[PDB]
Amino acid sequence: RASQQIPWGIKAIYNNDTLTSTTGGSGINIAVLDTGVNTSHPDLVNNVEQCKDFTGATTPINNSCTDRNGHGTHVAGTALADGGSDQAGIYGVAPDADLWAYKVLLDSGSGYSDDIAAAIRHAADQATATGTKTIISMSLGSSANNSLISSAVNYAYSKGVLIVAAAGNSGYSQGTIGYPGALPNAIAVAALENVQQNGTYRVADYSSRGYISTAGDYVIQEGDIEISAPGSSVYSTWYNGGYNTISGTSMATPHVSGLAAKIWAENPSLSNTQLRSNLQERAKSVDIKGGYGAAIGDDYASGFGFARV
C-alpha cells in the first residue's frame, strides 16, 4: 500500500539513507492542531488517543475530528505514523508517540483564530490534567499576530507544553515569517527541499524568512526562524486512505514536532525549555547554508540549522 515506507525527509532527519523503520516517542503526546485526522488510517490508528473538534457550535466537541481535506492526516503521519499493525505502511519520526487530533481548521484548510486559541489552551489543560508531556504542532499561520493565539501560546508554554509551528510559505523575501511561528515562545520551522547547495540541504524558495537584525545570535526573538526540516515533496498518510505527496512548511513542522517527541521520550525529565534547548543545539550542529538568505551560522532562512537524530 505504500510507495515509500521511509520517505526522503524521514531518512534525512534520521541521517540514514538505508533506514528501514523509525522508533521513539513513547508517552509523549503530539497535539496536531489542523484539519482533523483520518482516525481509521492503518498507520495512525494505533496512536490515536484524543480526537476533538474546535470548529463547531460548542467547544470542544469530543470524539469528533474528521479530516475531509488531507492536510491534517498528512501532517500527523509525518510526525508519528507507525507502519501499521502489519508493518506495511509508512513511518513518521516518532512512531510510538500519542496523537491528539484537534480540528481547528475548516475543511477548506483555513481556521478562525478563536478556535485555534481555544485548542492551544485545551491541549495545555489536557497535558496538566493527565500529567503527561505534550507538544503542540501547528502547521498553520497568518502574516498577522493574533493576540488570542499569542496569549494561548503563552498559557500553554507556562503549563510546560512545547509549541512548534510553521514559518509560513510566503518566501523568500526577508520578513515574511508568520504567526504563531514568529512568537518567541513558538519554534518556527523552515522547509528544506531535497537539493544540496553550499554543501548542505537547501531551504525551499517558498519558505517564509525571518529578519536580518535579530538573526545570528542563536537566541530566539520575535520574528526568528529556529529549526529547518524537510518540507518539499513529502509523502504521508491521507484522509481517505492511502497516501499523498504535498509540500510546505506545513510538512516541515511535524518533522520537528516528531523529533521533539522522540527526544523528550528519551529524556523524559526535561522541561519544555530544556527540550527546546536540546533541539536548538541539535540544529546548531547541522548548519544550513543553501537557499536565499542562508549563511554560515544562525540565519533568517534556516534558523539555527537542521536538527537531526
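Quick note: we count residues from 1 along the sequence shown, nothing fancier.
Which has the higher mean CA temperature factor in the PDB entry, 141 to 149 or 186 to 194? Looking at the recorded C-alpha B-factors, 141 to 149 comes out higher on average.
Which of the two stretches, 287 to 295 or 11 to 19, shows the higher mean Cα temperature factor in the record? According to the PDB entry, the answer is 11 to 19.
Could you say which of 50, 247, 278, 253 has its CA atom at the highest B factor, as listed in the PDB entry? Answer for 50, 247, 278, 253: 278, with the highest C-alpha B-factor.
From the list 238, 235, 100, 218, select the residue with the highest C-alpha B factor recorded in the entry. Top of the list by C-alpha B-factor: 218.
Divide the modelled residues of the chain into thirds by Cα B-factor and specify which third, lowest, middle or highest, holds residue 35. Its C-alpha B-factor, which the entry lists for residue 35, ranks in the lowest third among residues of this chain.
Taking only the Cα B-factors deposited for this chain, tell me whether residue 169 sits in the lowest, middle or highest third. Middle third.
Sorting by Cα B-factor within the chain, modelled residues only, which third would residue 208 end up in: lowest, middle or highest? According to the entry, residue 208 has a C-alpha B-factor in the chain's lowest third.
Name the third of the chain's ranked CA B-factors that contains residue 78, choosing lowest, middle or highest. Within its chain, residue 78 is a lowest-third residue by C-alpha B-factor, going by the deposited values.
C-alpha B factor of residue 274, ranked within the chain: lowest, middle or highest third? Highest third of the chain for residue 274's C-alpha B-factor.
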